[PDB]
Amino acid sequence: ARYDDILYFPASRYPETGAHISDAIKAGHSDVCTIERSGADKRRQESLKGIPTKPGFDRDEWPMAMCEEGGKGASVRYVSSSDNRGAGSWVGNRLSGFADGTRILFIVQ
């Protein structure tokens, strides 16, 4: 199949990040994150280019910067810091056991 393991994103915990992922996948962005950590700094620079910061909001990327699928072209959406701070941390931890190159299917809730 298109994936090796599956991550179930906790949308009730981080509701705007989950909605972004779900909407992005629905629009046609990959629902697989092929883990690639080394290139994340550069991918993030590419995905966020020309997208200004916004007080009280985070710039959420799907696909994520830690995925081969991320970078220029990724869906970027502002999500309230109040309710979504920590989503990055949480996904990072949940994927930390997996090897680079592991394909992870994301399912929201």
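Residues carry their position along the shown sequence, with the first being 1.
- When the two stretches 42 to 50 and 61 to 69 are set side by side, the higher mean Cα temperature factor goes to 42 to 50.
- The mean C-alpha temperature factor is higher for 80 to 88 when 80 to 88 and 30 to 38 are set side by side.
- Per the PDB record, residue ranking by Cα B-factor puts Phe106 in the lowest third of the chain.
- Among the modelled residues of the chain, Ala19 sits in the lowest third by CA temperature factor in this PDB entry.
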